[PDB]
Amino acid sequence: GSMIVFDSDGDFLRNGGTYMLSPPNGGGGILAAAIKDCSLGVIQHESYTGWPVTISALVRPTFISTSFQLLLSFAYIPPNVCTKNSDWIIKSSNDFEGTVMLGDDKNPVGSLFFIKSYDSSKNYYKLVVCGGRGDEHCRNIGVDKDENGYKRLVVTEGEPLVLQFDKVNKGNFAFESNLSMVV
């Protein structure tokens, strides 16, 4: 059901806007870690505020609807030897149906996501990815641990990563320790 997404303040989510992903049920912020040349995988991690995400629809209205296919990119990544790009993309895995990675130097356009309602009462949302014609074989984005202890954002039919979208706090974000890659 097509409805407009709200940020944590109750304002309409803006197309092309940048928001801090804020899981209401704990676990920490969203950022990336190197997966060994090397590629960056999107992770959740305690004691990290995380990096803001820029959210853009394929059409140009001012506000985002749950029915819109979306491109997601980190508004910040640290200098690194893995990739120049920050677009979220889905890649296969020997451990999951898929995981959320960042595009390498040759794939600057990422995968298509939807923001779907999780709890209408509290304005909680989740991310889903679909295939085929655009809305087929849909899967949740959840969180799960890989062999090396990273809480990876994964494609799954299991319980999703629950989210709110916070307007960017310029303090919590710019903290130098928050801006370094997770090792």
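Counting begins at 1, following the sequence as shown.
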| query | finding |
| --- | --- |
| Extent of unmodelled deposited sequence, residue 37 relative to residue 36 | 4 to 9 |
| Higher-scoring stretch by recorded Cα B factor average, 148-156 or 126-134 | 126-134 |
| Higher-scoring stretch by recorded Cα B factor average, 166-174 or 17-25 | 166-174 |
| Out of 65, 117, 47, 56, highest CA B-factor residue | 47 |
| Per the PDB entry, maximal CA B factor within 81, 102, 72, 109 | 81 |
| Residue 96 by Cα B-factor - lowest, middle or highest third of the modelled chain | highest |
| Third of the chain's Cα B-factor distribution that residue 4 belongs to, per the entry | middle |
